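J.: 1 is the number of the first residue of the sequence shown in PDB author numbering; add one for each residue after it.
Here you go, one structure.
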Amino acid sequence: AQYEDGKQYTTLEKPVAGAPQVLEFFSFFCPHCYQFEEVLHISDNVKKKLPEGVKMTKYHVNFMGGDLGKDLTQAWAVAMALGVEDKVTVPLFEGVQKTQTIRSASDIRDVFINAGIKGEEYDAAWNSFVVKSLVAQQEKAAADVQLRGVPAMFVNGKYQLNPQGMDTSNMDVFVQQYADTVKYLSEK
């Protein structure tokens, strides 16, 4: 076939019922995740090729960056709850990996402030139980699929993208193959 199990994707031995349609995992400490966001714009190009009626989910993970890794998962929960993902994603990535100016929760907080979220609003969110359960959601989803690496994308809780098996000669060609694979898997 043109799309083969173990080639552009793998299949989960243990499928996850009720899972989000398109589910993406990342870490702000994850170097290919930075690329996926800043250079390749994977999430965005997948969305452009997804059928409509399809919802897209992106979660942060704890297993990179120790204590700060967990702070960042809680911050991503804040970002999701306030709907400000598109204004903090870039500065968080650059704060962690480019400038290395993110070293504490207060530094994470600064990124949101500079992006225009009010201190009061940020801290209320940070401490809220809605964010607590949002953090739980992120963890559970990762636990459901035995996740030990990022970036990762799962389709309908039973297929996992396998970017290792796609040409990387051309970044643009890589992205389309990746998105076309999500679409193929989506329709499966």
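Backbone N, C-alpha and C define an ideal beta-carbon position, used for all residues, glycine too.
1) Please name the residue or residues paired with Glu24 in a DSSP beta bridge.
2) Within 8 angstroms: the Cβ of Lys183 and any heavy atom of the ligand NAD?
3) My assumption, with CB atoms under 8 angstroms, is that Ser27 sits in contact with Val61. Please give the rounded CB distance.
4) Threshold first: 3 residues or longer. Then list the beta strand (DSSP E) segments lying entirely within the segment 83-162, N to C.
5) Based on the DSSP secondary-structure assignment, which residues constitute the bridge partners of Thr73?
6) For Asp5, does the three-state DSSP call read helix, strand or coil?
7) Check whether the Cβ atoms of residue 201 and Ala141 lie closer than 9 angstroms to each other.
8) Counting along the chain, where does the alpha helix (DSSP H) carrying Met171 start and finish?
9) Using the Cα positions of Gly157 and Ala143, report the straight-line distance between them to the nearest angstrom.
10) Does the distance from the C-beta atom of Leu72 to that of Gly65 stay below 9 angstroms?
T.: According to the structure data:
1) For the purposes of this step, residue 24 is taken as residue 24 along the sequence shown, with counting starting at 1. Answer is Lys58 and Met153.
2) Because no ligand of any kind appears in the structure shown, any question about the ligand NAD cannot be addressed here.
3) If you number the sequence shown from 1, residue 27 lands on position 27. If you number the sequence shown from 1, residue 61 lands on position 61. Yes, they are in contact, since the Cβ atoms of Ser27 and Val61 sit about 5 angstroms apart, within 8 angstroms.
4) 152-155 and 159-161
5) Counted from its first residue, the sequence shown places residue 73 at position 73. According to DSSP, which records beta bridges pairwise, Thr73 is partnered with nothing at all.
6) As a working mapping, residue 5 is identified with position 5 in the sequence shown. Strand at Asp5.
7) Nothing about residue 201 can be reported from this structure: the residues present for the chain run from 1 to 188 only.
8) Working through the sequence shown from its first residue, we reach residue 171 at position 171. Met171 -> alpha helix (DSSP H) spans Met171 to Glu187.
9) Residue 157 sits at position 157 when you count from the first residue of the sequence shown. Residue 143 sits at position 143 when you count from the first residue of the sequence shown. Rounded to whole angstroms, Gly157 to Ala143 spans 12 angstroms at the Cα level.
10) For the purposes of this step, residue 72 is taken as residue 72 along the sequence shown, with counting starting at 1. For the purposes of this step, residue 65 is taken as residue 65 along the sequence shown, with counting starting at 1. For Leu72 and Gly65, yes; Cβs fall inside 9 angstroms.
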